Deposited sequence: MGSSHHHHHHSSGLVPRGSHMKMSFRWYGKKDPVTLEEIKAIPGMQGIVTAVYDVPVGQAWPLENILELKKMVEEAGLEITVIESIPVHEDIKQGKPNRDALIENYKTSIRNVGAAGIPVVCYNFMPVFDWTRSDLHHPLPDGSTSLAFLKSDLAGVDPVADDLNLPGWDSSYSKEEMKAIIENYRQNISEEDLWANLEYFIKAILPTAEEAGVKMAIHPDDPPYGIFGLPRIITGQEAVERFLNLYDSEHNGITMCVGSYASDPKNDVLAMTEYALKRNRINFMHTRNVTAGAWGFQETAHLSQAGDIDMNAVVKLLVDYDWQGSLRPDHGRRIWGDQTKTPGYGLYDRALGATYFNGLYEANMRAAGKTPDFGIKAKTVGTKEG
């Protein structure tokens, strides 16, 4: 049965938005966060991880996803030395497994985690948001590694590098107790001369096939994949569900076609994704994991300076998904849960 834990990303002590605040989003169960005091490829110690946990539980919550142990460019290049970095990932995994966290989320995106033309792009309703102006500055160098990718590393070269990678980490992930969740390349296509392999359905099916385990899975970022219209999320979500290989939902909305993409409000009809259908699937498949609103719009006074990661609209997403999940569960002859235990503190009957 669907134990779908609603979640929020939180960057720790240094976040604009606080734990207490997140706590006040009704239905909110999980925290999604990362150890930030240790260089990429370098290995997370148990104590950085136990210090996040200690805090998160202190504010009546639990870390459901560790979002991103950063995958070092050397591994992404497949340079001779990677085994060194790779082992640090194993210690990271292990120690996550040692803090009682079920799911680590990563990406094998060379150089560019995301590409964003406009951080302040207007929208019909008056909000600004993130968009991908396919024309604007794009198709031009963003002023060593890049030319290595540009020149030698092919998609299949990157594929094999990735095969290498996860073939080395999994038996570890399996003994730690941690399911791996690859986050699609964002945008779901190669640009800037660099390769992006993790592009859609066939990519997932080769990916999933690299190591055949529930521990080896995807973070179904339905908004990322979908921002190239060539790929189709419902059947993509559906497929992974079918095979039992989603260990993390991101669930944000974005609008697109052959012109490029813009991020928008979460609500099904402010963009190309029918979000109802996405979750209705999570219902029918009794799916079990954490979904985050993930990215919002800047609305109201949101002084959150960092890009798409302010509290307000993200929280708006979340109760919208609460409403979606609430609904379909009953509609399914089921009873949805949000981890709520007390209604009151100090009356009841």
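Positions of the deposited sequence absent from the coordinates, in order: 1 to 17, 161 to 179, 386.
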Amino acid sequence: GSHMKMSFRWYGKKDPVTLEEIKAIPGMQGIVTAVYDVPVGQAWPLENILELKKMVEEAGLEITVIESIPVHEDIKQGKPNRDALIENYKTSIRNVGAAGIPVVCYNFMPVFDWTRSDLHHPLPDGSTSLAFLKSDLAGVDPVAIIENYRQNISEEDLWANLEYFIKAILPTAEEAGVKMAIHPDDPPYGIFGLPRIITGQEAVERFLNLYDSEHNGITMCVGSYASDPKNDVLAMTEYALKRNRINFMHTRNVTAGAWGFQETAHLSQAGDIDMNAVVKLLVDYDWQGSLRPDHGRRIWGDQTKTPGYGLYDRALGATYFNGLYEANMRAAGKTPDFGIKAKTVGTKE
From here on, numbers count along this sequence of modelled residues.
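Per the PDB record, of the two stretches 163 to 171 and 79 to 87, 79 to 87 carries the greater mean B-factor over its C-alpha atoms. Looking at 132 to 140 and 233 to 241 together, the entry lists the larger mean B-factor for 132 to 140, computed on C-alpha atoms. Between the residues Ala258, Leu210, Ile182, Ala99, the entry's highest C-alpha temperature factor is the one at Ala258. Of the candidates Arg252, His72, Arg206, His120, the deposited coordinates give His120 the top C-alpha B factor. Split the chain's modelled residues into thirds by C-alpha temperature factor. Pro307 is in the highest one. Compared with the other modelled residues of the chain, the Cα B-factor recorded for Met55 ranks in the middle third. In the PDB entry, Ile145 places in the highest third of its chain by CA B-factor. In this PDB entry, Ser7 carries a Cα temperature factor that places it within the lowest third of its chain's modelled residues. Among all modelled residues in this chain, the alpha-carbon of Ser154 has a temperature factor (C-alpha) in the highest third.
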